[PDB]
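Undergrad: Show me how the following folds:
(5 chains, ligands or ions: 2)
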Amino acid sequence: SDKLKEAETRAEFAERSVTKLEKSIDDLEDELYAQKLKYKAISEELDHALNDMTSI
Amino acid sequence: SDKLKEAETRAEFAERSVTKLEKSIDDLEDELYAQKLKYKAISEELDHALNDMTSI
Amino acid sequence: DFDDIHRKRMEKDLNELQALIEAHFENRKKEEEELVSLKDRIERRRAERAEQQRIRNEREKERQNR
Amino acid sequence: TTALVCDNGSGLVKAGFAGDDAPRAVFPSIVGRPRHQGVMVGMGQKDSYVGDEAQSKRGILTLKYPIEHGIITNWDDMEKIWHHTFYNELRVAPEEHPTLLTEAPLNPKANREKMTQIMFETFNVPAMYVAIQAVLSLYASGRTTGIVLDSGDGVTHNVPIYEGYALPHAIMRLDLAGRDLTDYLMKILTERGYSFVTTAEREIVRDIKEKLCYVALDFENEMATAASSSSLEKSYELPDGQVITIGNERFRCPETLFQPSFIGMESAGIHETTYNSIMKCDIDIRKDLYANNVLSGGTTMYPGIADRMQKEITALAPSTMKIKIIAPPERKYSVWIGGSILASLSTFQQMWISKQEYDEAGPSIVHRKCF
Amino acid sequence: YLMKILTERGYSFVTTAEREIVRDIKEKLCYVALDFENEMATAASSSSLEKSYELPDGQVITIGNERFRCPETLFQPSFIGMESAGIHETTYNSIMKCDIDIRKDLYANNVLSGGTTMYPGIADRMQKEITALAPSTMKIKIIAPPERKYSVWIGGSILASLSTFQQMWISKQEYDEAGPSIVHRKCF
Ligand SMILES: Nc1ncnc2c1ncn2[C@@H]1O[C@H](COP(=O)(O)OP(=O)(O)O)[C@@H](O)[C@H]1O
Ligand SMILES: [Mg+2]
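TA: Numbering: from 1, shown residues only, chains lettered A, B, ... in the order given. Ligands and ions are numbered 1, 2, ... in the order given. Next comes the structure:
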């Protein structure tokens, strides 16, 4: 019984850790992807600016 | 016996998974920071350009 | 006619340029340096988390190894 | 009170209160019913998404424009678009605001009469007035003469005006516009392997056309250069990945404007219908029209068109006249800015078609003195 | 298939009652490998994978590389002779049949359900496979709730508890008027 209680508690703690880590990963992923899209957009508008310079 | 075997086994899987998750988290965060720093270097390139544009 | 072209053109010919330059300067100042500093801070915290994870993993592997 | 300067257009509805610089709400004019079945219950699924809402759910809709070439082909959808524009994008009830619609030249009468009948019966406005889309674009430039080429998305028309006196016998209306360029681009993209068929993917091809295409200064030299080097191939990322590379399709899509034989149309390009429109005018106002050629409308926003057109007209015109092409940076909203200016005038305040006048003469009042 | 590959070590289960024992073995021991060839190489050199299990009468058995070979059939249906592609590629094919503008949302909201998706380590193998197949820009996310087994029934309870749904039932008088073929009609 003692071993069972300790094991179950350790398991539950680790499980909740797992869930929270997943949520953190998701949020950081969303922010990083938004930054990535921002970077692609800035580079593309930069190139458009370069081509505008080429025009004039 | 069945219960505690199950619990310890799934807990070990949890520990290995969560450690893999932590490696994933660190790699993602560091890559995010590197990309963000590249972006800020680009922003300061643009800010030097804006200081030139202070010509207007 | 053709006398409002001055009052609708010359205005933004300077005010718009100056205001957009101001906006770019303030946005760059607010954004880039703070983002790089915050990313460095988060990196340091991440390294500390890595050290804590290594210590805990090693001590648990030491005890549990049977 | 303030007047509502609506501008139906064909492709983008632009509206806003009179007296401002830019339209308050600009959104595509598409009404798309859902086409699949739908299994989630209580999701709150409507029967028709209009305006900018149907450009976000376009994956499961069948978008269909209610205005084909200037004329309106589906009156129920157009009524829905107007209702949306008044109530949700401006949030002003029409019972307390005059309206100033715009209409292309040489359009069928029944279209205009039905438009005024709707505005007076359904929305019940106090007074509405219909104006030709080119005179407004001439207002916005601050001129009083000049020949304006208003190449919209539905129809391209070329109205010459001198000293405020329009020349009704010299209006050259051509039905090539942005939509035909979108279809031709969608048709020549198939030469590399990319097939766009669905009415939703027409929007993607339109975005490609807007962001990448440009008008070549000299067509043959560009065709020769794009066939040897690879400095032109610009890539573009679809809404799901799988980037595509556009080669000499870049300047071949908008070249259709100057050679309408590409899409099988017989008529001459926009570079030669302007010269023909000038030559129909009297011999003493041709210099002023040459010097004050005005561009407007969305489709004239291609990078490098104000030079190609000037080169072509200079080739056609006599060598002594000076050819100047006015291309303001606010080209897209030029018609609406002109509409705002016209609605803000005090001299114009008595030209509205008051409701009691409509009650006495019926919808045919629009063709009468109140034009 | 597990009952068929267990015979390679000497354990023969034939009776329809022993299929239940093989099912219990599959539930308690099998797991989906993240990379198949590396696991096949590791299990053939070391012995860190061999997990033992006690039959309903004693005589413990030791499962070697049968652990991750049984559920691998999902991603390579050629093992049991089926022609079709695995569950990692029929999802991508099902996405590609959809319209071009809703593929990003489907990529980001891939949902797993049903009992058989409870193998330890499947939500990572499937994500790796789809990320290999899909374009590099899209984000691939696999929703694997812990209550996977009863997901269908929980959803059924939610649907039956809705007020908007209360008039969609096939009332008995309607069946009496149109016969059993009423189900294909508007009341789906
Ligand atoms: N920046 C741009 N570059 C090239 N083409 C454009 C651009 N913006 C709009 N267009 C084209 O012009 C059309 C919009 O024209 P618009 O002036 O709104 O028509 P309308 O006269 O009906 O308002 C779009 O369909 C698009 O094809
Ligand atoms: Mg227009």
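Undergrad: dump the residue contacts of residue D:1.
TA: By C-beta atoms under 8 Å, 6 or more residues apart in numbering or on different chains, the contact set of residue D:1 is D:96-98. C-beta: built from backbone N, CA, C; applies to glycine.
Undergrad: which residues touch stretch D:342-357?
TA: Against stretch D:342-357 from outside (C-beta under 8 Å, 6+ apart): D:3, D:5, D:18-19, D:98, D:100, D:116, D:120, D:125-129, D:131, D:135-136, D:139, D:365-366, D:370.
Undergrad: The residue most central in space within chain A and residue B:32: what is the separation?
TA: By C-alpha atoms, centre = their mean, the mean C-alpha position of chain A lies nearest to residue A:29, the distance being 1.4 Å. For residue A:29, the distance to residue B:32 equals 9 Å [C-beta to C-beta, to the nearest Å].
Undergrad: where do the strands sit along the stretch 101-250 of chain D?
TA: D:127-132, D:146-151, D:156-162, D:165-166, D:172-174, D:234-238, D:241-246 (DSSP state E, counting those that start in this stretch).
Undergrad: For the residue of chain D most remote from its centre, give me its contacts.
TA: Within chain D, residue D:41 marks the point farthest from the mean C-alpha position, 40.2 Å out by C-alpha atoms, centre = their mean. Neighbour list for residue D:41: E:159, E:162, E:164-165, E:168 [criterion: C-beta under 8 Å, 6+ apart].
Undergrad: need those in a markdown table with distance to ligand 2, can you?
TA: Converted to a markdown table, those look like this (distance: C-beta to the ion, whole Å):
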| residue | distance to ligand 2 |
| --- | --- |
| E:159 | 49 |
| E:162 | 48 |
| E:164 | 44 |
| E:165 | 48 |
| E:168 | 48 |
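Undergrad: What count of nearby residues applies to residue D:304?
TA: When neighbours are defined as other C-beta atoms under 10 Å in any protein chain shown, residue D:304 has 15 of them.
Undergrad: need the contact list for the nearest residue to it once chain neighbours are set aside.
TA: Excluding the flanking residues, the one nearest residue D:304 by C-beta to C-beta, 6 or more residues apart in numbering or on different chains is residue D:215, at 4.7 Å. For residue D:215, the contact set (C-beta under 8 Å, 6+ apart) comprises D:251, D:254-255, D:257, D:302-305, D:308.
Undergrad: coming back round to it: and the contacts of stretch D:342-357, which of them are buried?
TA: Buried residues within the contacts of stretch D:342-357, defined by neighbour count using 16 or more other C-beta atoms under 10 Å in any protein chain shown: D:3, D:5, D:18, D:98, D:100, D:116, D:120, D:125-129, D:131, D:135-136, D:139, D:365-366, D:370.
Undergrad: For the helix or strand that residue D:338 is a member of, buried residues please.
TA: Here residue D:338 sits within helix D:334-343, counting by DSSP states H and E. By 16+ other C-beta under 10 Å, the buried positions in helix D:334-343 come out as D:334-343.
Undergrad: so how far is the next helix or strand after it from its chain's centroid?
TA: Using DSSP H and E, the helix or strand that follows helix D:334-343 in sequence is strand D:353-354. Distance of strand D:353-354 from the chain centroid (C-alpha atoms, centre = their mean, to the nearest Å) equals 26 Å.
Undergrad: partner strands of strand D:353-354, parallel or antiparallel?
TA: Next to strand D:353-354 in the sheet, as set by DSSP bridges, lie strand D:127-132 (antiparallel).
Undergrad: Grab the nearest non-local neighbour of residue 36.
TA: Because you didn't say which chain, this covers chain A. Per C-beta to C-beta, 6+ apart, closest to residue A:36 is residue B:35, 6.9 Å.
Undergrad: wrong one, chain C
TA: Counting by C-beta to C-beta, 6+ apart, the residue nearest residue C:36 is residue B:40, at 4.6 Å.
Undergrad: related to what we said a few turns ago, so which of the contacts of residue D:1 is the closest to residue A:17?
TA: The shortest gap between residue A:17 and any of those belongs to residue D:97, at 60.8 Å (C-beta to C-beta).
Undergrad: Tell me how far the closest one lies from chain A.
TA: 38 Å (C-beta to the nearest C-beta, to the nearest Å).
Undergrad: That residue against residue D:2, yeah?
TA: Yes. Between residue D:97 and residue D:2 a contact is recorded at 6.7 Å, counting by C-beta atoms under 8 Å.
Undergrad: More neighbours: which of these two?
TA: Per other C-beta under 10 Å, whichever of residue D:97 and residue D:2 has more neighbours is residue D:97, with 20 against 14.
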